[PDB]
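Reconstructed Cβ throughout: ideal geometry from the backbone, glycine too, with neighbour counts over all protein chains shown. Every read-out reported here was derived from the displayed coordinates using simple, explicitly stated rules and does not represent laboratory data.
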Amino acid sequence: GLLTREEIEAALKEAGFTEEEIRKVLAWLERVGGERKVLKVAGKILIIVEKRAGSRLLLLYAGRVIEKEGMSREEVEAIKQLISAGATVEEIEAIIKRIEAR
C-alpha cells in the first residue's frame, strides 16, 4: 500500500532531516493529498504522490529538498532510475532542469 507518516518520519531521520523539517514534509504531503508512494533507495527518499490533478514528486536526502509538481510518468521513472544509478538529488535536479529546458 502506501508508506505511513511514522515510517516516513523514520526514513527522513535516516536521510538526515529533523522532526521539524519532517513536519514540513508531512504538510507538503497533506497539501497534495494524493497517494503517498514513498520509496527509500540507497538512503535516498523518493516521494511519489499520485493525483488526478497532477502527480507530485519530492526528493529528500542530506537536507536537500526538491519539490516538483505536474510530473509525468516518464520524468518520474527517469528520476527513479537516476537514484538507483547512484545519482544524488542535486545531480538528479540538474537532469530535471535539462528536461524542463526541452
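Before moving on, here are some points about what is shown:
- For residue 66, the residues 5 or more places off, or on other chains, whose built amide H falls under 5 Å of its own are 59.
- Expected 222 nm ellipticity per residue - DSSP helices of 4 or more, -39500 (n - 2.57), all of the chain, to 500: -15000 deg cm²/dmol
- Divide the volume of the convex hull around the Cα atoms of the chain by the residue count and you get 93 Å³ per residue.
- GNM flexibility winner over the chain from 41, 49, 32 (Cα, springs under 10 Å): 41
- Footprinting exposure proxy ranking of 4, 88, fewest other C-beta atoms within 10 angstrom first, gives 4, 88.
- Test item: Cα-centred dipole of region 5-100, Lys/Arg +1 and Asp/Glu -1 on Cβ, debye: 200 debye
- Proximal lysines to residue 51, defined as alpha-carbon separation beneath 19 angstrom and excluding residues fewer than eight positions away on the same chain: 37, 68, 80
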